[PDB]
């Protein structure tokens, strides 16, 4: 009923945010609305998150789980292949990370946090927040419908898709990206190749792509993402449709034909969304309670940990009575990273990026710089592709074509 920081959500955002707060002696609580383990989408991590996993002391717990290691991202268009190796990049920093079922991953983290001294309470869903200056009174509901209040010096809203605070005080801002649909499931990957240390993204149609994410449990997450009109071209049950879409892609058709699905395929549409501000008196937003761009380059959970870390470190500065420039130490920081992936998303969809990816004799320096963007090092200002992100793709692609005509 009385705490320094109330963390809403036991996802990677709130677990990382919580650990860092606890690490500095304060009293911090996570209320998690679901029972863990609990399914959520967003399974392919980036090397950059290893930084926060390391700082929060989660690395050992995660390693013990034996998740599938990830050494890069592979892009397929027909038979054209562009393999990015995280071991060859412009930036210093981590060169490898994990593909993880989020149920098990997010429980590993939460459970480590609790152990660390964080008190984690499950099956208790926020329902109302009332602010008095920077102090707050939060009401939770347990599984039995009974309500109780929590008093805090600060709320870190790590509610992800719940968008707890953004919805309570109307902080939702349309994204700018146009609506897209997704269909996905896990597949028992009996016919998996003997490679494996990659996420693979498949250029299926002009504006449709697919993700193939290998886990260490025998299964493989597969998801179609793209233009909604495309999905309407298939008729039938989620499973029928899903098996139909796979059958229409040469790169995976035979591999997944007839293989078992761990669960009926799920849809997510209009997943792009932003916030009018990322913080206010008594709170900061994190992860998906901030802004989600697009799944292409698998960054969501890394942004959630990055923002959870930053908001965590900053909320400690607040509690200590230090001056905090949220605009500069938080917002500007999240947007630098978020604006970088934005440019690469746009370029994924507008044709420019593909031209770079599938250029014959791609420059190996450009490749490296691009590779550090894919690894999450989108704060490295020395990396021209970070420096010039809203320009370089369109610019590079023109230069490529100029090269094509010459010959």
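Residue numbers count along the first chain shown, from 1.
According to the entry, the deposited sequence places 4 to 9 unmodelled residues between residue 194 and residue 195. Relative to its counterpart among 155-163 and 94-102, 155-163 has the higher mean temperature factor, C-alpha atoms as listed in the PDB entry. For the two regions 140-148 and 252-260, the entry's Cα B-factors average higher over 140-148.
Going by the entry's values, 177 shows the largest Cα B-factor out of 224, 303, 177, 131.
Comparing C-alpha B-factors across 246, 202, 324, 183 in the deposited entry, the largest value falls on 324. Ranked within its chain, residue 361 lands in the highest third, by CA B factor from the PDB record.
Ranked within its chain, residue 376 lands in the lowest third, by CA B factor from the PDB record. For residue 332, the recorded CA temperature factor ranks within the highest third of the chain's modelled residues. When all modelled residues of the chain are sorted by CA temperature factor, residue 289 is found within the middle third.
Ranked by C-alpha B-factor against the other modelled residues of its chain, residue 23 falls in the middle third.
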